[PDB]
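Have a look below at one chain only, the form deposited in one PDB entry, in structure tokens format.
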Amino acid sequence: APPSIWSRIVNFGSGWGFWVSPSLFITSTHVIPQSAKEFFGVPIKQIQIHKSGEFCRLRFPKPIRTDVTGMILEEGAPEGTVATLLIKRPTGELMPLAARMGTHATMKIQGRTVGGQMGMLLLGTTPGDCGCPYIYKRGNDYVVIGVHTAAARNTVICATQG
């Protein structure tokens, strides 16, 4: 992925989030800092925050990332698609991970209702990785399909919009 794509991934609370477009930031719900007063310098009351299970959209009142184009956001990928989980680490290291996406489902994880799509990793994910995006290339378009929310020892769970 080009630097433009990686630059959309930004640390956010205990994990990460992803700029889909100049005004739209997505992340995993459980990652969002509680009792934060502002995100990216914007008071929280001015942000439109919509949670769909563990998929969270934050829509800012003015464009924040005017440098980025709006990317296609879809609810998961067709079954069998090998997506890339774009992991950033706090050291700065980039760790793209290939994951074959499987069935869509809604299930409880540690008592929380999670709608998303499970994948299988093809050197793994760690507790600080949630909120990183799943993307794949469809023709000449990059498509973002969800955010990293959970993993087991090679199942990964991509939370998707409802």
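Residues that one form lacks are left out of the comparison. Residue numbers run from 1 along the displayed sequence. We call the rigid core the largest set of C-alpha positions that still match within 1.5 Å between the two forms.
From this point on, the text means the form deposited in another entry, which you will not see here.
Looking at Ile64, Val68, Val114, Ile32 after a core superposition between this form and the one not shown, you find that only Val114 has a C-alpha shift of 2 Å or more. Put the two forms on the same core and the Cα of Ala105 is off by 2 Å or more between this form and the one not shown. Superposition on the rigid core leaves 105-115 as the sole run of at least three consecutive shared residues whose Cα positions differ by 2 Å or more between this form and the one not shown.
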